[PDB]
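> Below are the structure tokens for one structure; questions will follow.
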Amino acid sequence: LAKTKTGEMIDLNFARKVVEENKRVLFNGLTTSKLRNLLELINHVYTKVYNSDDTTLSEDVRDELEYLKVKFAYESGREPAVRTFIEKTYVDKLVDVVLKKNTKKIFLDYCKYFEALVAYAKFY
Amino acid sequence: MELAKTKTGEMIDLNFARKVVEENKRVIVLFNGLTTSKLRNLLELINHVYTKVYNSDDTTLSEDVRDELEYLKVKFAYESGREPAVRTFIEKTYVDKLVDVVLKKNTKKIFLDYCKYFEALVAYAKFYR
Amino acid sequence: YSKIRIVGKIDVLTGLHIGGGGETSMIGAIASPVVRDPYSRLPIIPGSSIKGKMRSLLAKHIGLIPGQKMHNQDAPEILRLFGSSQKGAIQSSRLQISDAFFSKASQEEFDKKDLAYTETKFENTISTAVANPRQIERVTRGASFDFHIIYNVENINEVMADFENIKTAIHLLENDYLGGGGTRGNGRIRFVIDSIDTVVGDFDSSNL
Amino acid sequence: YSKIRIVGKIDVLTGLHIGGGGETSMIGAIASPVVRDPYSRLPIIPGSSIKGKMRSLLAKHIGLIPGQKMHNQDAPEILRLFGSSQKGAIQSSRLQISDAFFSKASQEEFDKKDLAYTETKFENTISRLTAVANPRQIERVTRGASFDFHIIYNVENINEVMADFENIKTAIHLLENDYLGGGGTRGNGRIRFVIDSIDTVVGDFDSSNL
Amino acid sequence: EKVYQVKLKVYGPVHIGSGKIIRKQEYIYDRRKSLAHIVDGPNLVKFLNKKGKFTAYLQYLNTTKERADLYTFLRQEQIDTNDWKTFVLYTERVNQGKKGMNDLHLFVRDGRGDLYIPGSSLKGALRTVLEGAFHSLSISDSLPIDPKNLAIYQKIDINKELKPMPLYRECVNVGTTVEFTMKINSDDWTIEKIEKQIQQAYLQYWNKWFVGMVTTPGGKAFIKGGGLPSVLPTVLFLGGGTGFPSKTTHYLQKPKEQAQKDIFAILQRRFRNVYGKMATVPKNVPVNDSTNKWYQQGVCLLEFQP
RNA sequence: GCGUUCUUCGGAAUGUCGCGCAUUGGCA
RNA sequence: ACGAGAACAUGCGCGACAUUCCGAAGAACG
């Protein structure tokens with residue numbers, strides 16, 4: 001997917017690593033509802049990409065991902081915990097990486113990473 | 001069979017699957033209240049990758065299959081968090097550990113053996129009920 | 001031996017949902033996906049669903065025998081239309097209802113209007129008043145599927161009765177629902193027949 | 001002696017389920033798998049399947065004799081085409097259907113778009129009294145698949161070749177209008193014979209007209 | 001099976017959400033116009049990228065983190081309203097009990113994009129009324145509703161005082177008729193039986209709990225404004241926000257004190273932050289327009305015709 | 001505005017055939 | 001100058017028939 005600091009690769013195991021690192025409460029006070037709202041924001045563009053057969057991300061999908069970045073910034077502003085979650089998970093940069101790749105495979109990998117984040121947050 | 005070893009050291013196989021199902025059998029709630037439908041959902045999550053590998057003949061696990069196995073670990077963790085009974089089932093049966101073991105081994109045979117182990121778990125859970 | 005073809009379209013009225021059995025789905029999305037044709041990744045109404053629903057509705061309309069256990073115990077006309085597997089009394093199924101693929105006209109209409117072929121209806125289950133969120137993928141209203149039904153003329157004299165039963169079954173299916181979730185509204189559908197033509201044989205389909 | 005080769009492809013329409021050997025299936029896997037070529041694990045249409053289906057359709061179209069029990073009691077045209085085994089009247093089958101293997105073109109088309117050759121279809125069986133549904137997973141070949149089919153006709157009587165090939169065309173038309181597989185009455189088995197390359201592989205016979 | 005057309009007359013705003021929560025950062029609310037234009041995010045983002053205000057949009061988001069009303073940003077950038085209509089999907093009339101909006105819920109729409117009342121919700125309301133069969137009853141999905149009848153309403157909580165909640169929801173306007181088709185078998189259900197059960201359930205809901213809210217001073221002001229119609233027969237509570245006393249069988253199958261005790265216990269085990277702290281049984285357990293008239297969330301009237 | 005459910009319980013194939021005829025064989 | 005010499009385990013054949021991915025569930029609770 002992408003490369004984190006010190007050569008770390010974005011992965012579902014990396015999602016578990018982030019969840020266990022930020023566990024103390026999670027991500028300095030992150031709740032399940034905020035992460036749920038972020039996953040809901042992911043869901044619409046995920047379904048749009050899933051329905052589309054073309055491997056290359058469609059233009060409306062790319063604009064949806066840009067608006068997803070904007071909404072992530074807004075959520076980070078609204079709640080400091082969401083900002084901490086975003087900066088620890090590097091999801092905002094992952095959206096830009098997906099846009100750069102312009103491939104369905106990278107988008108679904110990022111969606112699976114976010115899904116792993118949600119699953120491990122629920123598990124821990 | 002010949003998948004891995006538990007923390008205690010007991011070997012993992014179909015006989016181990018029957019043994020763990022019997023141990024968690026309580027009268028009949030199994031694995032601390034694990035309903036059949038949760039087990040069947042886990043079995044379908046298994047069965048997707050099982051069909052993907054069963055059609056294929058490559059000895060090594062394909063990259064898409066490995067990604068689906070990691071996603072299977074994610075789904076197992078999500079079900080463990082969402083339902084305590086599924087968490088107990090996975091912990092006692094060591095399913096997630098076997099998934100990482102087959103990921104390490106990267107063989108069609110070991111994946112088929114893990115799927116047979118999960119199938120034995122489901123079969124003995126249905127039988128011991 | 002005459003094969004009569006009934007080609008037409010079937011258009012959803014409230015939203016059809018024939019489930020595919022669940023599949024790899026992100027958390028909170030694609031809870032119960034609709035059955036789709038693997039080749040085109042397009043929603044499809046299986047011929048099995050249409051035939052089974054029509055057979056069951058016809059059986060209810062005619063009247064099930066008391067304490068019926070198997071589908072090979074329906075009315076003789078239903079058994080001659082939809083087939084039978086009774087030991088020693090096997091009856092060939094004259095109706096060969098096939099899969100109702102997504103019509104190209106409706107597919108291009110949806111593409112023109114920038115509308116998804118399937119709507120992910122987000123519903124729940126109140127308990128304690130605790131809900132159970134779920135995303136059921138049901139076919140978007142106004143989607144037409146082309147249905148193709150083969151009728152075999154096993155007996156010429158019985159063709160009129162069999163086609164009257166077919167008309168009654170179509171009327172019931174339009175009146176009743178198709179797929180799953182009918183009591184909740186989703187699954188009501190409508191038939192629009194295009195042409196009944198006898199592709200094979202000397203039988204005349206103009207009267208039909 | 002002349003042998004005429006009919007090489008073409010059968011293109012699936014709704015997806016055909018030629019049931020397999022009923023091998024031990026995983027719990028929750030396909031309860032009824034399709035017949036597959038063991039070497040390539042690809043679904044195939046057995047030549048026996050095509051031959052039996054088209055022979056039965058042709059016999060029905062011609063008309064079964066009253067109270068017919070054995071296959072050798074078919075019409076003389078059907079016996080001449082597909083063969084007979086009646087004691088003292090053994091007619092050789094002029095048609096030798098071969099198993100229709102998964103075509104390389106459709107195999108590449110399925111390798112593209114990340115499509116599996118066979119799809120697991122979920123079905124149920126609503127009870128007539130308890131109204132309970134019994135799940136069933138049936139493997140079915142994908143609608144977009146194609147199987148390269150190979151038939152061989154033996155020219156035993158040059159005068160009857162035209163009539164036999166007319167019967168073959170009628171049977172192919174019937175099979176296109178009918179289904180080829182299990183569950184066709186429920187919509188599994190619709191096909192079409194798109195490509196047909198009739199050439200005389202052996203002998204001086206001319207198959208241009210055929 | 002017996003078939004009846006079902007008419008639902010909306011006497012109070014009814015919201016059937018689509019599982020998506022939208023914020024003021026996503027739409028544009030004009031208080032002077034009193035209209036909220038629902039903006040689709042991708043087109044707005046591309047518009048700002050073309051106009052060069054996307055960096056300005058990020059800076060505006062950074063400056064005021066909690067409040068990021070898109071209308072204020074557009075007014076600051078002096079972007080023309082005709083340019084606004086490019087990325088506006090539609091517009092909705094807004095009624096606030098307060099300033100501005102906080103968090104908007106959207107009504108459910110089909111894949112075609114038409115507003116409709118799912119038959120699942122209506123059938124669930126009927127089942128809860130009749131709870132105490134449910135297969136013969138087949139409530140069909142509603143006919144598509146005109147977008148004009150859909151407008152944004154404000155949620156107000158009545159706890160001894162009228163308190164506007166920072167939560168607006170798109171709802172079907174009062175006086176709108178919704179049509180369904182209901183089919184039932186004779187043996188399992190009777191139309192007279194189900195109608196009588198609806199009437200008795202509404203009477204029990206009125207007697208057990210509604211009087212207690214009327215006795216509250218906020219309830220008294222609600223009655224004075226016109227929140228309770230004189231007509232309010234067959235009354236169904238469907239929209240999101242009707243309340244715990246509705247959509248539950250506690251007030252129907254149990255005595256008033258017993259039902260209140262059970263509801264208090266389940267609220268305490270569910271919501272410890274509010275009812276768990278309180279150690280005594282409350283007296284009662286547990287919408288505004290541009291005009292003077294007040295509304296009750298989700299209240300409706302049902303009629304059946306063969 | 002915040003928080004909680006994100007899918008749940010059952011069915012997971014069943015029944016019918018599972019080789020038959022002809023020659024080899026038997027009896028005449 | 002082999003208990004040998006010739007001799008196709010061959011001919012006929014639809015893994016098919018019957019089967020709704022369904023039954024029940026209010027995006028709603030504070």
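Every chain in the structure tokens has a letter given in the order shown (A, B, ...), and although residue numbers restart at 1 in each chain, ligands are simply numbered from 1 in the order shown.
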Just need the residues of chain A within 9 Å of chain C, counting only C-alpha atoms, so spit them out as a PyMOL selection string.
chain A and resi 36+39-40+43-44+46-48+51-53+111-112+115+118-119
> Just the residues within 12 Å of region 198-203 of chain D, please, counting only C-alpha atoms (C1' of nucleotides), with nothing from its chain fewer than 6 positions along; format it as a ChimeraX atom specification.
/D:1-8,149-156,158,165,169,209-210
> Would you list, as a ChimeraX atom specification, the residues of region 2-115 of chain B that end up in strand (DSSP E or B) under DSSP run on this structure's backbone?
/B:5,11,25-26,29-30
> Output as JSON lines one row per residue of chain F within 12 Å of chain C: the closest atom pair and its distance in Å to one decimal place, counting only C-alpha atoms (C1' of nucleotides), sorted by chain and residue number ascending.

```
{"residue": "F:4", "atom": "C1'", "partner": "C:130", "partner_atom": "CA", "distance": 8.1}
{"residue": "F:5", "atom": "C1'", "partner": "C:131", "partner_atom": "CA", "distance": 5.4}
{"residue": "F:6", "atom": "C1'", "partner": "C:28", "partner_atom": "CA", "distance": 4.2}
{"residue": "F:7", "atom": "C1'", "partner": "C:134", "partner_atom": "CA", "distance": 4.9}
{"residue": "F:8", "atom": "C1'", "partner": "C:132", "partner_atom": "CA", "distance": 7.5}
{"residue": "F:12", "atom": "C1'", "partner": "C:21", "partner_atom": "CA", "distance": 11.3}
{"residue": "F:14", "atom": "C1'", "partner": "C:70", "partner_atom": "CA", "distance": 10.5}
{"residue": "F:15", "atom": "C1'", "partner": "C:85", "partner_atom": "CA", "distance": 9.1}
{"residue": "F:16", "atom": "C1'", "partner": "C:87", "partner_atom": "CA", "distance": 6.5}
{"residue": "F:17", "atom": "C1'", "partner": "C:87", "partner_atom": "CA", "distance": 9.4}
```
> Please find the residues of chain A near chain E - the criterion being any atom within 10 Å, counting only C-alpha atoms - and write them as a list in words.
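The selection requested is residues 37, 40, 41, 44, 59, 60, 61, 62, 63, 64, 65, 66, 67, 68, 70, 71, 73, 74, 75, 76, 77, 78, 79 and 80 of chain A.
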> I want to know what sits within 10 Å of residue 121 (chain D), based on only C-alpha atoms (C1' of nucleotides), with residues of the same chain fewer than 2 positions away left out; could you give that as a PDB file with C-alpha atoms (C1' of nucleotides), in the first residue's frame?

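What ended up in part_27.pdb:
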```pdb
ATOM      1  CA  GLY C  20     -26.223 -14.191  -3.078  1.00  0.00           C
ATOM      2  CA  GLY C  21     -25.358 -15.728   0.279  1.00  0.00           C
ATOM      3  CA  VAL C  35     -27.161 -12.241  -6.626  1.00  0.00           C
ATOM      4  CA  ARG C  36     -25.231 -10.958  -9.639  1.00  0.00           C
ATOM      5  CA  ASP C  37     -24.128 -12.459 -12.928  1.00  0.00           C
ATOM      6  CA  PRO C  46     -32.236 -16.423 -11.339  1.00  0.00           C
TER       7      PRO C  46
ATOM      8  CA  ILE D  30     -20.336 -26.594  -3.325  1.00  0.00           C
ATOM      9  CA  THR D 118     -17.200 -21.714 -12.119  1.00  0.00           C
ATOM     10  CA  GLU D 119     -19.510 -19.731  -9.838  1.00  0.00           C
ATOM     11  CA  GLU D 123     -30.351 -21.913  -3.811  1.00  0.00           C
ATOM     12  CA  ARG D 136     -27.766 -25.630  -1.521  1.00  0.00           C
ATOM     13  CA  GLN D 137     -24.533 -24.560  -3.217  1.00  0.00           C
ATOM     14  CA  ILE D 138     -24.453 -25.583  -6.881  1.00  0.00           C
ATOM     15  CA  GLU D 139     -21.363 -25.028  -8.984  1.00  0.00           C
ATOM     16  CA  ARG D 140     -22.294 -23.630 -12.397  1.00  0.00           C
ATOM     17  CA  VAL D 141     -20.126 -22.618 -15.333  1.00  0.00           C
TER      18      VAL D 141
ATOM     19  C1'   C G  21     -31.168 -17.779  -0.655  1.00  0.00           C
TER      20        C G  21
END
```
